[PDB]
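First up is the structure itself, then whatever we jot down about it.
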Amino acid sequence: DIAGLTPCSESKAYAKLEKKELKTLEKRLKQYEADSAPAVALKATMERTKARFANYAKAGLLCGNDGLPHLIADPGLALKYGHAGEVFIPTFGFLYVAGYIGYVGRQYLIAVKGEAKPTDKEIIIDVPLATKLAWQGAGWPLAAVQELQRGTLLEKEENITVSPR
Amino acid sequence: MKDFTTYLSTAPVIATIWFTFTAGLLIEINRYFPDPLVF
Amino acid sequence: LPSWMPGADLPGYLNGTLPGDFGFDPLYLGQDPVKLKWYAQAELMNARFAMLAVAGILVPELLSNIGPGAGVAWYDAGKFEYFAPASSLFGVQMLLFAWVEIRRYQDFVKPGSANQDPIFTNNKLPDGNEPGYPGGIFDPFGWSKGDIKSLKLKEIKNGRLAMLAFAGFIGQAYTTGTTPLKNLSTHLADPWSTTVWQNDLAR
Amino acid sequence: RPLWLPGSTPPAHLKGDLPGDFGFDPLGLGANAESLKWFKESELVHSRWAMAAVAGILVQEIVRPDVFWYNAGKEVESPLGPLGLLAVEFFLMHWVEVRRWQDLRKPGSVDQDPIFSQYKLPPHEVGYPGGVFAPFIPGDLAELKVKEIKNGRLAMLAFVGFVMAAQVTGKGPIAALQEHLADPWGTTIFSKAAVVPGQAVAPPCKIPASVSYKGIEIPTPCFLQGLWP
Amino acid sequence: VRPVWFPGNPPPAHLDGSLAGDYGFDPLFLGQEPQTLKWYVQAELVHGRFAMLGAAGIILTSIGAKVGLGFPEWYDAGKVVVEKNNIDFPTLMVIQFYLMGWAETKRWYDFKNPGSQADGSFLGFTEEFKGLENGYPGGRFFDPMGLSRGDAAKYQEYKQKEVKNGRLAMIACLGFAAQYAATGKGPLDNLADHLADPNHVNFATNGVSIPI
Amino acid sequence: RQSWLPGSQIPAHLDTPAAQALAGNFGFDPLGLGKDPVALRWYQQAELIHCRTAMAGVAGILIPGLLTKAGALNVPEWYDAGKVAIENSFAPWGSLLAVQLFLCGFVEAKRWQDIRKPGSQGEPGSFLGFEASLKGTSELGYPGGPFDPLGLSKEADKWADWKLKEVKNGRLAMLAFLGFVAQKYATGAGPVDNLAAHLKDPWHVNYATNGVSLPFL
Ligand code: CLA
Ligand code: CLA
Ligand SMILES: CC1=C[C@H](O)CC(C)(C)[C@H]1/C=C/C(C)=C/C=C/C(C)=C/C=C/C=C(C)/C=C/C=C(C)/C=C/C1=C(C)C[C@H](O)CC1(C)C
Ligand SMILES: CC1=C[C@H](O)CC(C)(C)[C@H]1/C=C/C(C)=C/C=C/C(C)=C/C=C/C=C(C)/C=C/C=C(C)/C=C/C1=C(C)C[C@H](O)CC1(C)C
């Protein structure tokens, strides 16, 4: 398919690796009882192994010569061959939660600078104000692009600068 | 009790509680959704 | 003031200027007088078409059981020939009612402005305009001599009764599967074993 | 002024104003006046239905024996259908009840006949209509109201006694009184059941099961059947 | 003056005696702040009222289970109701969430803004969803027989009785749970066993409560 | 006044004359998106456009989907209508999408420059004869002229009522379209079929039983 990679459900080293992990787990399994808790834990392990290999073969991942899933990081090639779930949807999910954390921290900083003890509200966290901003932070991309377009996202050149500049 | 809540509002206690919540949330998600790599 | 429920507190905007003003508005739908004007005119129009509907459902069935091109039930009037398909009759109906309906609406928008005949410009309705109550050629037999406080009230009472009757005919027909005078004949044959609860539980 | 306990004190909201006022309110359910008007009306209505009920059960057992009043609704027969009788009772009782309730909530607002505008009911008090409802009065209302509430309280107690005696013995009130006269020491509620910290015994229910009427299969349970002695 | 939970010790400064059931019992000082004490008063009343309703259900169904009526025992009652009726479990749980969340959220925002649910925004109702005190919502719906607006000292007596019966039913429900966890039986069966052998059938013979 | 929660505090940006005079104001901004008045103007416009296209879309779902259960209008399911129509059609869907992108982009840019400047699209000379009838009507998002032919917006004593009916029917149609998408992914049948199933057995056929919407139970 992409880059000479076969799909994992078509790959043979993928099936060999699945069979090898089952072989190691059953060689460890064959030295216990039946209803014993080590045997129960190893059968749960084998169930999770089979479920994991079936889910990775179901998700349409691409395997190499080693039988291991390879990820495709190109928006157009991923959206063309059905691989947006591995890099593209995770990167927009990450950027949503990372801007969430950063915007809630920025709103807490701006809220606590407007008092007579900003360092005291930085050492001892104002929990109601922090939870208020943490719930209100869900509209952070809209609020961020609005603060961008008003010219209030950015401080002017009243910043601290060195002698050189 | 007010002073005990101020002590619980201090920085390392909130870092401990919040990282316990975040780590437990990720642990719970990895238990009920075992081994996620995509989507 | 004859109440719909004696002793109850009636809405203050209802004053007896409307025909059949009995103070019945539990949902307070007539608070705005503009909406009350629209609802009064719509009550008149739905009531008069329902009176014509109940007459046109009763009288052919009242004549089908006694001693005449068809004795077909009222809800099977579409499956009859009528010298033409029903689509052409739909088109004719919509043209003539487009004319008449928009003429009534222009009277309701501007009262005293839809009175004279457009082609034969000597013919004219008189200046007793009263939107919803035209007069003139629409009262050809010289009635309205009475105050009409009484005749308007009889008109809205028979109209409300026929609106309830037509909501009847739709409901009774959709439940029993049959014709309303045969439903009344069953309720006269055995009223004690043929009730709404009897048939509903016989489902 | 006689009391429910001679020597005690009545509650402060009970003075002797209403008929049948003997100072009996341990829970204090009439300290609100707006509540007490509703409960006076409800007491009168429960008392009148219970008096008519005890009269019906007594005259029914006297006139027509081998018909058990707890099963008259089962073993009655009529060409009048059950849903037809229930529909007539539904509409006519909804009418009468809503007229009386409107007189309650608006005092003296449904006095006039709706069909015949000549006839108007005179001014009165709530619960005691008068007029055509009372064509004939023997004596004075200041004692007849007391007699009415006393007979009505006694008949409410009589009706719950009829229901419990019918569920425990299985016979009518006159037949159960004949049983208590045939064996007074041996046929009492003390003589049928007892609870001791060792063991407890309850009387068997004489009303069998879900009653098979004409396809409805009415379930017929006994009242608080796990809590009888 | 007033009887304290622990005779000899003075009561704390935040527990004065104005509240019903005020015995000065706060050794962990969980209600020093007046807003937190207000919220805990209302939580105590809600837990108590659910425990009274629950314990009456336990007792009546267990009486009807020992006397041969066919009532289940309360640790099997939900399963046999769902399985013997035509009831699916998660839809009944979601309908419970809907109704209880509506009512509960009305209670929440009347705690927050104290007279605000009597504005008429719910269907047309005004002053019938106004509260009387903290956790005492007596109008026409919640106090229909109307005992809170006549004989105020007797109503204070009823507040005292309500708090005492609620604490008694909370420890009774903790009872029923612990009794079932130990013996694996119905609680009125346990009461029958204690009436049979008081000296020999008890928690010192269950073999669980004291494992020595 | 009326609110989405009785007893909750109304946000201070939704309690001003400019916010209270808008349409459908119930104080619902818990995420605080409209604290900026320029943002609230832009979001008013975005709500109006999503309302109107959601009503038109949900009407195109429901009325063919209701009438296809009656006799006439054999119309496919709304998640199959694009395929059935493009089999019936003459053009490929790419060319049809390109034509609708150009034709929508023109009109959209007209609305965009009207949002930027209210008295903008009435330049004398910029249009052949459109230019006189392409100003606003003193309230942005509510144009006049060829839009609104029948003159229903002429009487001032009906005007807030028409506004509030529009914003309620629009929000309800947006809920309807999100429902159409959700039900389609969960059940696999059409929305009229979902309504027929909830009417046939309400206590057993719902989102608590479909095995998708809450899978913990
Ligand atoms: C980080 C840098 C980067 C690099 C090195 C690539 C590399 C590639 N892109 Mg990707 N792309 C990227 C980021 C990048 N992309 C980003 C950020 C986007 C979203 C804007 C895209 C959206 C995109 C689309 C829609 C497509 C590609 C495609 C490609 C492949 C061929 C095009 C090429 O050689 O242009 C060199 C790359 C750059 C100069 C970076 C800018 C990318 C621009 C914005 C898009 C280029 C698309 C191109 C015009 C389409 C060519 C069609 C092809 C059949 C000839 C190549 C592997 C095409 C493909 O699938 O090939 C099989 C394709 O259709 N890209
Ligand atoms: C049918 C219901 C009923 C109702 C609504 C009333 C109402 C009233 N009674 Mg009357 N009473 C009744 C039946 C009723 N009574 C019966 C059957 C008897 C004979 C035992 C009496 C004997 C009696 C006396 C001696 C007096 C009253 C008085 C009153 C008035 C004031 C007391 C009060 O406020 O409590 C309101 C009462 C209720 C709200 C009803 C109680 C409802 C609870 C929740 C049920 C508990 C009953 C319990 C299950 C026992 C049932 C019977 C048992 C043997 C099985 C009030 C109008 C006093 C009075 O007339 O002063 C003006 C007074 O002195 N009652
Ligand atoms: C005060 C204080 C103070 C200081 O500061 C500190 C300290 C000391 C800590 C504190 C104390 C505390 C405590 C003691 C607590 C406890 C609690 C409880 C027990 C509760 C319960 C509570 C309880 C509850 C609610 C309960 C409820 C119940 C219920 C509903 C039930 C139900 C049911 C029934 C009917 C039957 C069925 O079949 C089943 C069921 C379903 C099961
Ligand atoms: C307000 C606020 C505020 C605060 O602060 C925060 C928060 C809360 C976040 C917020 C909220 C939000 C929300 C809820 C949103 C939602 C929305 C929606 C739903 C939309 C839709 C929307 C929707 C829409 C538009 C839609 C439209 C549709 C359409 C056109 C359709 C079309 C069609 C048709 C006809 C048919 C064919 O065959 C197909 C198709 C093609 C398919």
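Going by the structure tokens order, chains are called A, B, ..., each with residues numbered from 1, while ligands are numbered from 1 in the order shown.
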Requested in this report: Please report as number ranges by chain which residues of chain E come no farther than 7 Å from chain B, using only C-alpha atoms.
Outcome: E: 29-30, 32
Cut-off 12 Å: closest chain F/chain C atom pairs per residue, using only C-alpha atoms, as CSV:
```
residue,atom,partner,partner_atom,distance
F:152,CA,C:109,CA,11.9
F:155,CA,C:34,CA,10.8
F:156,CA,C:34,CA,11.5
F:157,CA,C:34,CA,8.3
F:158,CA,C:34,CA,8.3
F:161,CA,C:35,CA,10.7
```
Neighbouring residues of ligand 4 are defined here as those with any atom at most 8 Å from a ligand atom, counting only C-alpha atoms and all ligand atoms; list them as a compact mmCIF listing (two decimals) with C-alpha atoms, in the first residue's frame.
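To be explicit, this is the file written out as result.txt:
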```
# COMPACT_ATOMS: atom_id res chain seq x y z
CA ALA A 138 -14.02 24.63 27.26
CA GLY A 139 -14.51 27.51 24.84
CA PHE F 28 -27.39 30.96 28.58
CA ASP F 29 -23.66 31.54 28.28
CA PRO F 30 -21.97 29.33 30.90
CA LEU F 31 -18.74 29.10 28.89
CA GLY F 32 -18.63 32.92 28.61
CA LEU F 33 -18.18 33.11 24.84
CA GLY F 34 -20.12 36.33 24.31
CA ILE F 49 -27.49 31.35 9.82
CA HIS F 50 -27.29 27.95 11.54
CA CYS F 51 -30.96 28.37 12.60
CA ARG F 52 -32.23 29.08 9.10
CA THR F 53 -30.22 26.43 7.27
CA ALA F 54 -31.02 23.91 10.02
CA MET F 55 -34.76 24.55 9.65
CA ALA F 56 -34.54 24.19 5.87
CA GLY F 57 -32.49 21.01 6.25
CA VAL F 58 -34.70 19.39 8.89
CA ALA F 59 -37.81 20.28 6.85
CA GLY F 60 -36.16 18.51 3.91
CA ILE F 61 -35.61 15.53 6.21
CA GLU F 77 -33.78 7.85 3.28
CA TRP F 78 -31.97 11.10 4.01
CA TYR F 79 -28.63 9.29 4.36
CA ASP F 80 -29.22 7.69 0.93
CA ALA F 81 -30.75 10.62 -0.96
CA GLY F 82 -27.42 11.95 -2.23
CA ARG F 171 -32.62 26.04 17.96
CA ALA F 173 -34.31 22.30 14.35
CA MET F 174 -30.58 22.28 15.22
CA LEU F 175 -31.36 19.80 18.01
CA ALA F 176 -33.37 17.84 15.43
CA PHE F 177 -30.46 17.61 13.00
CA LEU F 178 -27.98 16.56 15.69
```
Query raised in the report: Which residues sit within 8 Å of ligand 1, counting only C-alpha atoms and all ligand atoms, listed as a list in words?
Result: residues 74, 75, 76, 77, 78, 79 and 80 of chain A
Write out, as a PDB file, in the first residue's frame, the residues just selected, with C-alpha atoms.
```pdb
ATOM      1  CA  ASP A  74       0.861  13.317   6.220  1.00  0.00           C
ATOM      2  CA  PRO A  75      -2.614  14.923   6.315  1.00  0.00           C
ATOM      3  CA  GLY A  76      -3.410  14.375   2.645  1.00  0.00           C
ATOM      4  CA  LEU A  77      -2.057  10.839   2.386  1.00  0.00           C
ATOM      5  CA  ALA A  78      -3.762   9.850   5.653  1.00  0.00           C
ATOM      6  CA  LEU A  79      -7.107  11.393   4.644  1.00  0.00           C
ATOM      7  CA  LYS A  80      -6.777   9.723   1.232  1.00  0.00           C
TER       8      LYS A  80
END
```
Report task. Just the residues within 10 Å of segment 73-85 of chain E, please, counting only C-alpha atoms, with nothing from its chain fewer than 3 positions along; format it as a ChimeraX atom specification. Result -> /E:57-59,61-66,70,88-89,92,176-177,180,184-188
Selected residues written out with N, CA and C atoms, as a PDB file, in the first residue's frame:
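Okay, this is what ended up in out_10.pdb:
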```
ATOM      1  N   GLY E  57     -39.479   0.814  54.325  1.00  0.00           N
ATOM      2  CA  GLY E  57     -39.610  -0.181  53.268  1.00  0.00           C
ATOM      3  C   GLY E  57     -39.012  -1.528  53.636  1.00  0.00           C
ATOM      4  N   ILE E  58     -37.817  -1.513  54.254  1.00  0.00           N
ATOM      5  CA  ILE E  58     -37.153  -2.735  54.730  1.00  0.00           C
ATOM      6  C   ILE E  58     -38.042  -3.473  55.722  1.00  0.00           C
ATOM      7  N   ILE E  59     -38.563  -2.745  56.715  1.00  0.00           N
ATOM      8  CA  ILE E  59     -39.320  -3.366  57.799  1.00  0.00           C
ATOM      9  C   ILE E  59     -40.644  -3.923  57.296  1.00  0.00           C
ATOM     10  N   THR E  61     -41.501  -4.795  54.133  1.00  0.00           N
ATOM     11  CA  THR E  61     -41.290  -5.924  53.236  1.00  0.00           C
ATOM     12  C   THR E  61     -40.760  -7.146  53.988  1.00  0.00           C
ATOM     13  N   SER E  62     -40.019  -6.944  55.080  1.00  0.00           N
ATOM     14  CA  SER E  62     -39.542  -8.091  55.848  1.00  0.00           C
ATOM     15  C   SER E  62     -40.634  -8.709  56.713  1.00  0.00           C
ATOM     16  N   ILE E  63     -41.554  -7.892  57.239  1.00  0.00           N
ATOM     17  CA  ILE E  63     -42.753  -8.422  57.890  1.00  0.00           C
ATOM     18  C   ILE E  63     -43.580  -9.232  56.897  1.00  0.00           C
ATOM     19  N   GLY E  64     -43.797  -8.677  55.701  1.00  0.00           N
ATOM     20  CA  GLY E  64     -44.504  -9.402  54.660  1.00  0.00           C
ATOM     21  C   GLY E  64     -43.739 -10.568  54.058  1.00  0.00           C
ATOM     22  N   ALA E  65     -42.448 -10.694  54.351  1.00  0.00           N
ATOM     23  CA  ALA E  65     -41.673 -11.847  53.917  1.00  0.00           C
ATOM     24  C   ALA E  65     -41.640 -12.955  54.961  1.00  0.00           C
ATOM     25  N   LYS E  66     -41.620 -12.610  56.254  1.00  0.00           N
ATOM     26  CA  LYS E  66     -41.703 -13.656  57.271  1.00  0.00           C
ATOM     27  C   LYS E  66     -43.118 -14.208  57.369  1.00  0.00           C
ATOM     28  N   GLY E  70     -45.241 -13.931  50.329  1.00  0.00           N
ATOM     29  CA  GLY E  70     -44.484 -14.030  49.102  1.00  0.00           C
ATOM     30  C   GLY E  70     -43.638 -12.824  48.765  1.00  0.00           C
ATOM     31  N   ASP E  88     -37.126  -3.340  31.789  1.00  0.00           N
ATOM     32  CA  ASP E  88     -35.692  -3.267  31.563  1.00  0.00           C
ATOM     33  C   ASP E  88     -35.055  -2.344  32.592  1.00  0.00           C
ATOM     34  N   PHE E  89     -33.902  -2.766  33.098  1.00  0.00           N
ATOM     35  CA  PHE E  89     -33.189  -2.017  34.134  1.00  0.00           C
ATOM     36  C   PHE E  89     -32.685  -0.626  33.728  1.00  0.00           C
ATOM     37  N   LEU E  92     -35.352   2.289  33.406  1.00  0.00           N
ATOM     38  CA  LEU E  92     -35.919   2.707  34.683  1.00  0.00           C
ATOM     39  C   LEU E  92     -34.908   3.497  35.499  1.00  0.00           C
ATOM     40  N   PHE E 176     -29.082  -2.713  58.887  1.00  0.00           N
ATOM     41  CA  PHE E 176     -29.565  -3.704  57.913  1.00  0.00           C
ATOM     42  C   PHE E 176     -28.478  -4.132  56.932  1.00  0.00           C
ATOM     43  N   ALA E 177     -27.672  -3.167  56.468  1.00  0.00           N
ATOM     44  CA  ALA E 177     -26.548  -3.479  55.589  1.00  0.00           C
ATOM     45  C   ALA E 177     -25.512  -4.355  56.287  1.00  0.00           C
ATOM     46  N   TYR E 180     -26.936  -7.937  57.147  1.00  0.00           N
ATOM     47  CA  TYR E 180     -26.947  -8.771  55.945  1.00  0.00           C
ATOM     48  C   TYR E 180     -25.541  -9.184  55.535  1.00  0.00           C
ATOM     49  N   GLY E 184     -26.025 -12.970  56.190  1.00  0.00           N
ATOM     50  CA  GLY E 184     -26.571 -13.463  54.940  1.00  0.00           C
ATOM     51  C   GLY E 184     -28.036 -13.825  55.009  1.00  0.00           C
ATOM     52  N   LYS E 185     -28.791 -13.183  55.895  1.00  0.00           N
ATOM     53  CA  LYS E 185     -30.190 -13.502  56.132  1.00  0.00           C
ATOM     54  C   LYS E 185     -31.006 -12.222  56.089  1.00  0.00           C
ATOM     55  N   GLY E 186     -32.325 -12.382  56.123  1.00  0.00           N
ATOM     56  CA  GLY E 186     -33.215 -11.263  56.298  1.00  0.00           C
ATOM     57  C   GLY E 186     -33.093 -10.704  57.700  1.00  0.00           C
ATOM     58  N   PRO E 187     -33.287  -9.391  57.845  1.00  0.00           N
ATOM     59  CA  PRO E 187     -33.055  -8.765  59.153  1.00  0.00           C
ATOM     60  C   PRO E 187     -34.104  -9.120  60.185  1.00  0.00           C
ATOM     61  N   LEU E 188     -35.340  -9.357  59.770  1.00  0.00           N
ATOM     62  CA  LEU E 188     -36.330  -9.774  60.741  1.00  0.00           C
ATOM     63  C   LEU E 188     -36.229 -11.270  61.020  1.00  0.00           C
TER      64      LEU E 188
END
```
Query - Å distance separating atom CA of residue 121 of chain E from atom CA of residue 2 of chain F, one decimal place - result: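 Between these atoms lies a distance of 7.0 Å.
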Query raised in the report: Near residue 140 of chain E, within 9 Å and counting only C-alpha atoms, which residues show up once chain neighbours fewer than 3 positions away are dropped, as a ChimeraX atom specification?
Result: /E:127-129,143-146
Report task. Determine the nearest neighbour of residue 195 of chain F from the options F:37, F:149, F:179, F:64, counting only C-alpha atoms. Result -> F:179
Could you list, as a PDB file with N, CA, C and O atoms, in the first residue's frame, every residue within 12 Å of residue 205 of chain F, counting only C-alpha atoms and ignoring same-chain residues fewer than 3 positions away?
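Contents of around_29.pdb, as written:
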```
ATOM      1  N   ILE E  87     -39.870  -5.118  32.920  1.00  0.00           N
ATOM      2  CA  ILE E  87     -39.069  -3.916  33.117  1.00  0.00           C
ATOM      3  C   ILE E  87     -37.636  -4.181  32.683  1.00  0.00           C
ATOM      4  O   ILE E  87     -37.002  -5.133  33.151  1.00  0.00           O
ATOM      5  N   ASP E  88     -37.126  -3.340  31.789  1.00  0.00           N
ATOM      6  CA  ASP E  88     -35.692  -3.267  31.563  1.00  0.00           C
ATOM      7  C   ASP E  88     -35.055  -2.344  32.592  1.00  0.00           C
ATOM      8  O   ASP E  88     -35.604  -1.295  32.939  1.00  0.00           O
ATOM      9  N   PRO E  90     -31.937  -0.427  32.617  1.00  0.00           N
ATOM     10  CA  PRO E  90     -31.308   0.893  32.433  1.00  0.00           C
ATOM     11  C   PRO E  90     -32.286   1.998  32.084  1.00  0.00           C
ATOM     12  O   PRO E  90     -32.029   3.152  32.441  1.00  0.00           O
ATOM     13  N   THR E  91     -33.412   1.683  31.437  1.00  0.00           N
ATOM     14  CA  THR E  91     -34.410   2.714  31.176  1.00  0.00           C
ATOM     15  C   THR E  91     -35.075   3.197  32.462  1.00  0.00           C
ATOM     16  O   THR E  91     -35.299   4.400  32.623  1.00  0.00           O
TER      17      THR E  91
ATOM     18  N   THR F 187     -28.891   3.695  15.644  1.00  0.00           N
ATOM     19  CA  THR F 187     -29.898   2.685  15.338  1.00  0.00           C
ATOM     20  C   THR F 187     -29.713   2.074  13.955  1.00  0.00           C
ATOM     21  O   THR F 187     -29.739   0.849  13.808  1.00  0.00           O
ATOM     22  N   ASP F 193     -38.820   6.074  11.391  1.00  0.00           N
ATOM     23  CA  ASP F 193     -38.806   4.712  11.916  1.00  0.00           C
ATOM     24  C   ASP F 193     -38.448   4.685  13.397  1.00  0.00           C
ATOM     25  O   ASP F 193     -38.997   3.877  14.156  1.00  0.00           O
ATOM     26  N   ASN F 194     -37.523   5.555  13.822  1.00  0.00           N
ATOM     27  CA  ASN F 194     -37.203   5.672  15.244  1.00  0.00           C
ATOM     28  C   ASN F 194     -38.407   6.151  16.045  1.00  0.00           C
ATOM     29  O   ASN F 194     -38.664   5.662  17.154  1.00  0.00           O
ATOM     30  N   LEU F 195     -39.164   7.097  15.485  1.00  0.00           N
ATOM     31  CA  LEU F 195     -40.366   7.592  16.148  1.00  0.00           C
ATOM     32  C   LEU F 195     -41.445   6.515  16.206  1.00  0.00           C
ATOM     33  O   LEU F 195     -42.144   6.385  17.219  1.00  0.00           O
ATOM     34  N   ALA F 196     -41.568   5.712  15.146  1.00  0.00           N
ATOM     35  CA  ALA F 196     -42.527   4.612  15.147  1.00  0.00           C
ATOM     36  C   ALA F 196     -42.140   3.526  16.142  1.00  0.00           C
ATOM     37  O   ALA F 196     -43.018   2.921  16.764  1.00  0.00           O
ATOM     38  N   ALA F 197     -40.839   3.300  16.343  1.00  0.00           N
ATOM     39  CA  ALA F 197     -40.405   2.309  17.325  1.00  0.00           C
ATOM     40  C   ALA F 197     -40.629   2.800  18.754  1.00  0.00           C
ATOM     41  O   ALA F 197     -41.075   2.027  19.615  1.00  0.00           O
ATOM     42  N   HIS F 198     -40.340   4.083  19.028  1.00  0.00           N
ATOM     43  CA  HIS F 198     -40.612   4.641  20.354  1.00  0.00           C
ATOM     44  C   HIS F 198     -42.108   4.751  20.627  1.00  0.00           C
ATOM     45  O   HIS F 198     -42.521   4.731  21.789  1.00  0.00           O
ATOM     46  N   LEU F 199     -42.939   4.858  19.591  1.00  0.00           N
ATOM     47  CA  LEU F 199     -44.376   4.802  19.840  1.00  0.00           C
ATOM     48  C   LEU F 199     -44.889   3.375  19.981  1.00  0.00           C
ATOM     49  O   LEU F 199     -45.883   3.151  20.676  1.00  0.00           O
ATOM     50  N   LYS F 200     -44.236   2.406  19.334  1.00  0.00           N
ATOM     51  CA  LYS F 200     -44.690   1.025  19.434  1.00  0.00           C
ATOM     52  C   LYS F 200     -44.321   0.416  20.780  1.00  0.00           C
ATOM     53  O   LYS F 200     -45.109  -0.340  21.361  1.00  0.00           O
ATOM     54  N   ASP F 201     -43.138   0.736  21.300  1.00  0.00           N
ATOM     55  CA  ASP F 201     -42.709   0.220  22.601  1.00  0.00           C
ATOM     56  C   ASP F 201     -41.810   1.257  23.249  1.00  0.00           C
ATOM     57  O   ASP F 201     -40.590   1.265  23.039  1.00  0.00           O
ATOM     58  N   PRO F 202     -42.382   2.161  24.050  1.00  0.00           N
ATOM     59  CA  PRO F 202     -41.567   3.251  24.605  1.00  0.00           C
ATOM     60  C   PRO F 202     -40.628   2.793  25.701  1.00  0.00           C
ATOM     61  O   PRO F 202     -39.498   3.287  25.803  1.00  0.00           O
ATOM     62  N   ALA F 208     -31.437   4.026  26.067  1.00  0.00           N
ATOM     63  CA  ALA F 208     -30.896   3.201  27.132  1.00  0.00           C
ATOM     64  C   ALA F 208     -30.798   1.734  26.740  1.00  0.00           C
ATOM     65  O   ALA F 208     -30.210   0.951  27.488  1.00  0.00           O
ATOM     66  N   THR F 209     -31.335   1.351  25.581  1.00  0.00           N
ATOM     67  CA  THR F 209     -31.415  -0.042  25.180  1.00  0.00           C
ATOM     68  C   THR F 209     -30.687  -0.314  23.866  1.00  0.00           C
ATOM     69  O   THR F 209     -30.492  -1.482  23.510  1.00  0.00           O
ATOM     70  N   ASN F 210     -30.233   0.723  23.156  1.00  0.00           N
ATOM     71  CA  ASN F 210     -29.624   0.524  21.844  1.00  0.00           C
ATOM     72  C   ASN F 210     -28.215  -0.061  21.908  1.00  0.00           C
ATOM     73  O   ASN F 210     -27.687  -0.464  20.868  1.00  0.00           O
ATOM     74  N   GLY F 211     -27.601  -0.114  23.088  1.00  0.00           N
ATOM     75  CA  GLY F 211     -26.291  -0.708  23.237  1.00  0.00           C
ATOM     76  C   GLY F 211     -25.134   0.150  22.787  1.00  0.00           C
ATOM     77  O   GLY F 211     -24.017  -0.361  22.664  1.00  0.00           O
TER      78      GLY F 211
END
```
Report task. List every residue of chain A that DSSP, applied to the backbone of this structure, assigns to alpha helix (DSSP H), and report them as a ChimeraX atom specification. Result -> /A:12-29,37-58,75-81,88-113,118-123,127-136,140-149
